[PDB]
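K.L.:
Before we start, here is the structure in question, set down as structure tokens.
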């Protein structure tokens, strides 16, 4: 739940460097936990 | 193994399947034959000679035994020349575990009805032993 | 418990959550195998707890 | 008599033509009175049997004694609601059926002290508080989220922002989100006629924070009269009783951790910044937990985000159908 809110308050904080590399991390974490990645591995 | 799991997890302090064997052994020596009914004064010495694991541990619990012989319904209503094993061992096994009559003191009929409905098909052999 | 509480908030209309939790409480009840080991363990737990409480 | 039947028919026709018109305003009650068993209603058989702790919505105009209203219940039809003066009169009627109501007791004392009723025997006295039978509340209930700990901190902010986001997205186009940056717990109605009416008085309360808080009260009312559901992002209220005696009468949503053991480690998951405020962050949890569940309107006592998310969605859908 907390992570969901962190990725919800980060899209509304950029919508209006060291920040651009963090939506990439969020997308990666959303990608390493999906069923597609699990089945592929 | 699972057919005998009740015996294999005994924790032998409230055992009932084995003390009945000792009860039968004690009764056989004092009894030459059934003959219907037996005397009264034998039961006191039988309780004294009964296995301490069930019936009396120390001198004080004997009072509890008296509390099981007195302060409730009496088999003295019929002839005093009557057996008591039908009413003594049953009472002791009822009071040793899952006692319910003492807290109430008046709901004996419900307990008797529960016993009857749980012995529904015994060909009416225990009805004469409940007394 | 949550389904029973569901009906409590909705006091402006007759709630159907009780019926939904009733029809979904007995269908899965037939899965209680309760093997001999589990029954014996429950009885032993009851006896040990009674002995500990009564000392 | 022809007059009663004629007025009955006229009221029925007015009800029929007013079935599809906008709602005017709403009233709040504090007495368990039934509007159907009273014979003074203009039309019999179309009353309201509403208990306390209830909202009524009045649309059209009838007279100084009765109004045309509707219940917040689903399927509740149009009924007739007593006026506040009519409720005062019927409250006086409630305590007159008893043997005595004033000072002269009936303890075997008849014909000795007649004791005509003075001004103390009427409603003129007992004016120390004198709570009106009716209260003015917003048409649509504002939604306030409380818990799981002190607001303005990371954990509570995220656990409420996720739900706020869910409300914005799922109910997009029908819900407006407003944030109350200033305080909101100073909403009083029986303090004075006008404390700090002007900013040039240079009074203690004229230059205080009471002015903007009092002016924020009817903003919620204006949002409610548009039929669009509104929430309150108040960063000061952390307990339902803090905002229960006011005129808002809002829906309070409880997001709570099942046990404080989980909450402590959840606070630990943020970083070293929150360890400084961990102490004060815990008594604000158990103080709010010790509040009776009946104070809150809804409870979110689970851990899953999606299932708790639906728990609010279905409740608000039921509310939406209730007032439509």
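Cβ coordinates were reconstructed from backbone atoms using ideal geometry, including for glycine residues, and neighbour counts include every protein chain displayed. What is reported rests on the model, the rules as stated and the sources as named; these are not laboratory values.
K.L.:
Which residue pairs have Cβ atoms closer than 7 Å, lie 6 or more positions apart in sequence or on different chains, and pair a first residue in region D:301-324 that is within 14 Å of chain A (Cβ to nearest Cβ) and at positive phi with a second residue that is in a helix (DSSP H, G or I) and surrounded by 13 or more Cβ atoms within 10 Å (Cβ to Cβ)?
P.N.:
Close Cβ pairs satisfying both conditions: none exist.
K.L.:
Here's another thing I want to ask about it. What residue, among those in region D:273-282 that are in a helix (DSSP H, G or I) and more than 14 Å from chain A (Cβ to nearest Cβ), is surrounded by the fewest Cβ atoms within 10 Å (Cβ to Cβ)? Before the answer, list the steps.
P.N.:
Keep residues of region D:273-282 that are in a helix (DSSP H, G or I), which gives D:273-275, D:280-282.
Checking the rest, the ones that are also more than 14 Å from chain A (Cβ to nearest Cβ) come to D:273, D:275, D:280-282.
Numbers: D:273: 9, D:275: 12, D:280: 11, D:281: 21, D:282: 16.
Here the residue is D:273.
K.L.:
Something else: Assigned by CATH to the domain that holds residue D:159, farther than 26 Å from residue C:11 by Cβ and either surrounded by fewer than 18 Cβ atoms within 10 Å (Cβ to Cβ) or over 21 Å from the mean Cα position of the chain (by Cα) (or both): is that true of residue D:313 in this structure? Walk me through it before giving the result.
P.N.:
Numbers: assigned by CATH to the domain that holds residue D:159: yes; farther than 26 Å from residue C:11 by Cβ: no; either surrounded by fewer than 18 Cβ atoms within 10 Å (Cβ to Cβ) or over 21 Å from the mean Cα position of the chain (by Cα) (or both): yes.
It is false that residue D:313 is assigned by CATH to the domain that holds residue D:159, farther than 26 Å from residue C:11 by Cβ and either surrounded by fewer than 18 Cβ atoms within 10 Å (Cβ to Cβ) or over 21 Å from the mean Cα position of the chain (by Cα) (or both).
K.L.:
In the set D:37, D:107, which member is assigned to a loop (DSSP other than H, G, I, E, B), over 30 Å from residue D:142 (Cβ atoms) and in contact with a strand residue (DSSP E or B) (Cβ under 9 Å, 6 or more places away or on another chain)? Steps first, please.
P.N.:
Details: D:107 fails: in contact with a strand residue (DSSP E or B) (Cβ under 9 Å, 6 or more places away or on another chain).
Selected residue: D:37, the only one of D:37, D:107 that is assigned to a loop (DSSP other than H, G, I, E, B), over 30 Å from residue D:142 (Cβ atoms) and in contact with a strand residue (DSSP E or B) (Cβ under 9 Å, 6 or more places away or on another chain).
K.L.:
Filter region D:251-261 down to residues that are more than 12 Å from chain A (Cβ to nearest Cβ) and not in a strand (DSSP E or B) and give me whichever is surrounded by the most Cβ atoms within 10 Å (Cβ to Cβ). Don't jump to the end; show me each part of the working.
P.N.:
Initially, region D:251-261 is screened for residues more than 12 Å from chain A (Cβ to nearest Cβ), giving D:251-254, D:256, D:258-261.
After this cut, where a residue has to be not in a strand (DSSP E or B) as well, the list is D:256, D:258-261.
Values: D:256: 19, D:258: 11, D:259: 9, D:260: 15, D:261: 9.
Checking each candidate, the answer is D:256.
K.L.:
Just to verify a result, which residue in region D:41-61, among those that are assigned to a strand (DSSP E or B) and more than 16 Å from residue D:24 (Cα to Cα), is farthest from the other protein chains (Cβ to nearest Cβ)? Give the derivation first.
P.N.:
Applying the first criterion (assigned to a strand (DSSP E or B)) to region D:41-61 yields D:47, D:49, D:55-58.
Applying the additional criterion that residues be more than 16 Å from residue D:24 (Cα to Cα) yields D:47, D:49.
On the way: D:47: 18, D:49: 14 Å.
Across region D:41-61, the extreme among qualifying residues is D:47.
K.L.:
Next up: Looking only at region B:50-100, count how many residues are loosely packed, with under 12 Cβ neighbours inside 10 Å and not in a loop (DSSP other than H, G, I, E, B). Before the answer, list the steps.
P.N.:
In the first step, residues of region B:50-100 are kept if they are loosely packed, with under 12 Cβ neighbours inside 10 Å; the result is B:52, B:57-60, B:63, B:66, B:70-71, B:73-74, B:76-81, B:97-99.
Retained after the next criterion (residues that are not in a loop (DSSP other than H, G, I, E, B)): B:63, B:66, B:76-77.
Number satisfying all stated conditions: 4.
K.L.:
Being within 14 Å of chain D (Cβ to nearest Cβ), surrounded by 11 or more Cβ atoms within 10 Å (Cβ to Cβ) and within 30 Å of residue D:262 (Cα to Cα) is true for just one of A:13, A:7. Which residue is that?
P.N.:
Working: A:13 fails: surrounded by 11 or more Cβ atoms within 10 Å (Cβ to Cβ).
The unique qualifying residue is A:7.
K.L.:
Shifting gears a bit: State whether the residues of region D:88-95 include one that is out of contact with any strand residue (DSSP E or B) (no Cβ under 7 Å at 6 or more places or on another chain), more than 25 Å from residue D:22 (Cα to Cα), assigned to a loop (DSSP other than H, G, I, E, B) and more than 14 Å from every other protein chain (Cβ to nearest Cβ).
P.N.:
yes
K.L.:
If the requirement is being assigned to a loop (DSSP other than H, G, I, E, B) and either under 20 Å from residue D:254 (Cβ atoms) or under 23 Å from the mean Cα position of the chain (by Cα) (or both), which of these qualifies: D:124, D:151?
P.N.:
Numbers: D:124 fails: either under 20 Å from residue D:254 (Cβ atoms) or under 23 Å from the mean Cα position of the chain (by Cα) (or both).
When all the criteria are applied, what remains is D:151.
K.L.:
Given the condition surrounded by fewer than 15 Cβ atoms within 10 Å (Cβ to Cβ) and within 14 Å of chain A (Cβ to nearest Cβ), answer yes or no: does some residue in region D:283-294 qualify?
P.N.:
No.
K.L.:
Of the residues C:25, C:7, C:55, C:41, only one is loosely packed, with under 10 Cβ neighbours inside 10 Å and either more than 9 Å from every other protein chain (Cβ to nearest Cβ) or more than 30 Å from residue D:76 (Cβ to Cβ) (or both); which?
P.N.:
Details: C:25 fails: loosely packed, with under 10 Cβ neighbours inside 10 Å; C:7 fails: loosely packed, with under 10 Cβ neighbours inside 10 Å; C:41 fails: loosely packed, with under 10 Cβ neighbours inside 10 Å.
The unique qualifying residue is C:55.
K.L.:
Determine which member of the set D:104, D:132 is surrounded by 10 or more Cβ atoms within 10 Å (Cβ to Cβ) and touching a helix residue (DSSP H, G or I) at 6+ places or on another chain (Cβ under 7 Å).
P.N.:
Details: D:104 fails: touching a helix residue (DSSP H, G or I) at 6+ places or on another chain (Cβ under 7 Å).
From the options D:104, D:132, the qualifying one is D:132.
K.L.:
Looking only at residues in region B:1-17 that are surrounded by fewer than 14 Cβ atoms within 10 Å (Cβ to Cβ) and not in a helix (DSSP H, G or I), which one is nearest to the chain's Cα centre (by Cα)?
P.N.:
Let us first name the residues in region B:1-17 that are surrounded by fewer than 14 Cβ atoms within 10 Å (Cβ to Cβ), namely B:1-13, B:16-17.
Then keep just the ones that are not in a helix (DSSP H, G or I); that gives B:1, B:9-13, B:16-17.
Values: B:1: 30, B:9: 24, B:10: 21, B:11: 21, B:12: 18, B:13: 17, B:16: 10, B:17: 13 Å.
It comes out as B:16.
K.L.:
Select from region D:62-85 the residues that are in a loop (DSSP other than H, G, I, E, B) and within 14 Å of chain C (Cβ to nearest Cβ) and write down the one among them that is nearest to the chain's Cα centre (by Cα). Even if it seems obvious, please write down each step before you answer.
P.N.:
Our first condition is that a residue be in a loop (DSSP other than H, G, I, E, B); within region D:62-85, this holds for D:62-65, D:72-77, D:83.
Imposing the further condition that a residue be within 14 Å of chain C (Cβ to nearest Cβ) reduces the set to D:72-77.
Values: D:72: 12, D:73: 15, D:74: 18, D:75: 21, D:76: 19, D:77: 21 Å.
Filtering first and then ranking leaves D:72.
K.L.:
Could you tell me whether region D:264-272 includes any residue that is within 14 Å of chain A (Cβ to nearest Cβ), within 29 Å of residue D:217 (Cβ to Cβ) and part of a helix (DSSP H, G or I)? Let's see the steps before the verdict.
P.N.:
The first filter runs over region D:264-272 and keeps only residues within 14 Å of chain A (Cβ to nearest Cβ), leaving D:265-271.
Then drop every residue that is not within 29 Å of residue D:217 (Cβ to Cβ), which leaves none.
No.
K.L.:
May I ask you to say which residue of D:192, D:248, D:227 is more than 14 Å from every other protein chain (Cβ to nearest Cβ), part of a loop (DSSP other than H, G, I, E, B) and in contact with a helix residue (DSSP H, G or I) (Cβ under 8 Å, 6 or more places away or on another chain)?
P.N.:
On the way: D:192 fails: in contact with a helix residue (DSSP H, G or I) (Cβ under 8 Å, 6 or more places away or on another chain); D:227 fails: in contact with a helix residue (DSSP H, G or I) (Cβ under 8 Å, 6 or more places away or on another chain).
That would be D:248, the only listed residue that is more than 14 Å from every other protein chain (Cβ to nearest Cβ), part of a loop (DSSP other than H, G, I, E, B) and in contact with a helix residue (DSSP H, G or I) (Cβ under 8 Å, 6 or more places away or on another chain).
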